[PDB]
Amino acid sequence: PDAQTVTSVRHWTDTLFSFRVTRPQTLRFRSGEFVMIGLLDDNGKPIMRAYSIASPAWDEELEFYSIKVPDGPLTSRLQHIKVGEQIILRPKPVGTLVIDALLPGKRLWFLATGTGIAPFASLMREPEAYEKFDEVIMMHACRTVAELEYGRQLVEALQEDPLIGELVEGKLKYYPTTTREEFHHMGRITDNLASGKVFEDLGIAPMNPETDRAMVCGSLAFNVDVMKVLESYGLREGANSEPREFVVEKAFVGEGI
């Protein structure tokens, strides 16, 4: 179908890699949305899967942060992709993780686990995030330290850029944690928001309906627990049609891995 070419590839761990592809000249999307991408199976039939566009809406190229599931119909194949090869990329962007889907506010929270940081790798590089809000809080929880690397480097590259470094350094608050390995900050996003620990570590006021807006992206179980916690602070799930305090999107469907 619609074919695009891989321009670069980077493996982060034995189960995580990112790659950038050429962008369809017709593509127009909002930072945070996802599209369907895929490869042909052995019978020449499409293996399609939804993927958040990890790059900001203004980037000339498209980037994706992907898991590597051995025996995974798509990623067992995609994990071998090389520069110059191609993938199917359908330019029909959709998704609820968009600023327009949230009432204006002053503090924006990105709550993610595992590859769920993909749509935020996009939003953290979206000019609109820093224009419409005073602070942007990026909470990324993973089992191990290595899983945080892609996000760590991204946040690092932002807060250090010669041009917008000081700017971002002042509004972006990066809060990574591990739950299975030793790290300076640990614990689930749910637990750390509920107990109040994150508000203390970051030296900021607790969550409130009037100023806080959040985007949630992780496993279904994670999404449901974060919702209750957010609701415990008076926030309500919104909609692109009726904007409120928070929005959610599954980082993937199924059990775990």
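Note that residue numbering begins at 1 and tracks the sequence as displayed. Take the two forms, find the largest set of C-alpha atoms that superpose within 1.5 Å, and that set is the rigid core.
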| item | value |
| --- | --- |
| Divergent stretch in 5 other deposited structures of this protein, 168-176 or 107-115 [C-alpha RMS, superposed by the core] | 168-176 |
| Core-fitted comparison in 5 other deposited structures of this protein, 48-56 vs 202-210, farther C-alphas | 202-210 |
| Entry-level comparison of average CA B-factors, 149-157 and 162-170, reporting the higher stretch | 162-170 |
| Selected stretch [higher average CA B-factor]: 172-180 or 130-138 | 130-138 |
| Largest Cα B-factor, entry values, listed residues 58, 199, 34, 65 | 58 |
| Third of the chain, ranked by Cα B-factor, where residue 84 sits | highest |
| Chain-wide C-alpha B factor ranking for residue 11, given as lowest, middle or highest third | lowest |
| CA B-factor placement of residue 70, once the chain's modelled residues are sorted into thirds | highest |
| Chain-relative CA temperature factor third for residue 232 | middle |
| CA B-factor ranking of residue 223, expressed as a third of its chain | middle |
